[PDB]
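Student: need the 3D shape of this:
(chains A and B)
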Amino acid sequence: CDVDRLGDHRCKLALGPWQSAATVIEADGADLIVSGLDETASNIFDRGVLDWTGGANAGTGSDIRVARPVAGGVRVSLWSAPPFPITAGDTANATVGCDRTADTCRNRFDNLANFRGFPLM
Amino acid sequence: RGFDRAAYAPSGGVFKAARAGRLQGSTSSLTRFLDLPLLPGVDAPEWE
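Tutor: Numbering: from 1, shown residues only, chains lettered A, B, ... in the order given. Shown next is the structure:
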């Protein structure tokens, strides 16, 4: 499905509730541990983005390759190390990741009106 | 050339799958033997 990046105008994602606000408990480059994220939020933010309001990034976020809940708050493994050194406690915005599998698109948002998905051919 | 171990770490993929149904199932037919009186509109109705 072309729900793809959420909030795209063609995609017409609901947005709203899934998006979350977080801060970084620890700075580990790609594997920085974060706080303010629920265990439920982890694995739903998998394939998501982690825009960092704090610091030079100023809302620029490396894609989160994997989100796994860990003690001390969810540890986020980014696809790539963030540009610039990111301080712990930097403000961050947590975003959902859409697998784009037709079933996943349906389960998470069910945008039948705007699903560019061709599951059965 | 810049390279990252993290960049090469695997996401694991989406594992997309599509449902499929194939062929038909054999059965034992319930054959019924009928002995109705022969009727008009049927060709050669004697020993049928």
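Student: which residue, neighbours along the chain excluded, lies closest to the residue in chain A that chain B sits nearest to?
Tutor: Residue nearest to chain B within chain A: residue A:30 (4.2 Å; CB to the nearest CB). Quick note: C-beta positions are derived from backbone N, CA and C, even for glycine. Distances taken as CB to CB, 6 or more residues apart in numbering or on different chains put residue B:6 closest to residue A:30, at 4.2 Å, once the chain neighbours are dropped.
Student: how about the residues of chain B near chain A?
Tutor: Within chain B, the positions lying close to chain A (CB under 8 Å from any CB of the partner chain) are B:4, B:6-7, B:9, B:11-12, B:14-16, B:18-19.
Student: between these, which is nearest residue B:39?
Tutor: Nearest to residue B:39, judged by CB to CB, of these is residue B:19 at 48.7 Å.
Student: and the closest one, which of the three is it?
Tutor: Using DSSP: H, G, I helix; E, B strand; the rest coil, the structure places residue B:19 in coil.
Student: wouldn't residue A:73 be in contact with residue A:25 here?
Tutor: Yes. At 4.8 Å, residue A:73 and residue A:25 qualify as touching, with contact defined as CB atoms under 8 Å.
Student: picking that back up, how close does the residue nearest to residue A:30 get to residue B:15?
Tutor: 22 Å (CB to CB, to the nearest Å).
Student: between the two, which is the more surrounded one?
Tutor: Between residue B:6 and residue B:15, counted using other CB atoms under 10 Å in any protein chain shown, residue B:6 has the larger neighbour count: 15 against 7.
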